[PDB]
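Here the Cβ positions follow ideal geometry from the backbone for every residue, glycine too, while neighbour counts run over all protein chains shown. Where a number appears in this text, it was derived from the coordinates with a stated rule and is not lab data.
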Amino acid sequence: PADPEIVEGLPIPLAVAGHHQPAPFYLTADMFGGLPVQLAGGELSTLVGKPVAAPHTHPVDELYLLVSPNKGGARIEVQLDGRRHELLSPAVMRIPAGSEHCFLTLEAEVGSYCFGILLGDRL
Ligand SMILES: N[C@@H](Cc1c[nH]c2ccccc12)C(=O)O
Ligand SMILES: [Zn+2]
């Protein structure tokens, strides 16, 4: 009864440079015969003031997507090659390939999520 169209074995925690625990992936390049993007992220109600990574890079462009049940329920700081940016949910920020970056949760409610959509199949 495993259905080839359904993956329940999630998240997939992958070792990623800059991170101190594995990064929780929901889409990986090896799923469904090969995917053109990867996606990782999580709920940040417990991550306010706690960054998941140091400044890091990836060989592909990465889009951050920040959502929360209430408008403006979540806020993150993103460092982009040393320059502070802030996002208020809902928001999307592009992180160019090669850019040294990371994010910090400054505010979150139950149900706030940040995802990173990696526009390629390599890390
Ligand atoms: N892949 C993302 C990681 C990420 C985005 N949102 C998150 C929320 C919780 C934990 C990890 C994340 C990055 O490189 O930054
Ligand atoms: Zn990243």
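Which net charge results when you count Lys and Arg as +1 and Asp and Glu as -1 among the other residues whose beta-carbon is under 15 Å from that of residue 81? Neighbour charge sum, excluding residue 81 itself: -1. Classify segment 74-123: rounded, prolate or oblate, from the alpha-carbon gyration tensor (a ≥ b ≥ c, eigenvalue square roots; a/c under 1.5 rounded; otherwise prolate if a/b is larger than b/c)? Oblate shape, in that a/c is at least 1.5 and b/c is the bigger or equal ratio.
Placing unit charges on the Cβ atoms only, positive for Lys and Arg and negative for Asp and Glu, gives segment 1-84 a dipole magnitude near 540 debye about its Cα centre. Taking every C-alpha pair closer than 8 Å and separated by at least 6 residues, the mean separation divided by the residue count of the chain gives a relative contact order of 31 percent. Oblate is the label for the chain, because a/c, from the alpha-carbon gyration tensor with a ≥ b ≥ c as root eigenvalues, is 1.5 or above and a/b does not exceed b/c. Taking every C-alpha pair closer than 8 Å and separated by at least 6 residues, the mean separation divided by the residue count of segment 16-81 gives a relative contact order of 27 percent.
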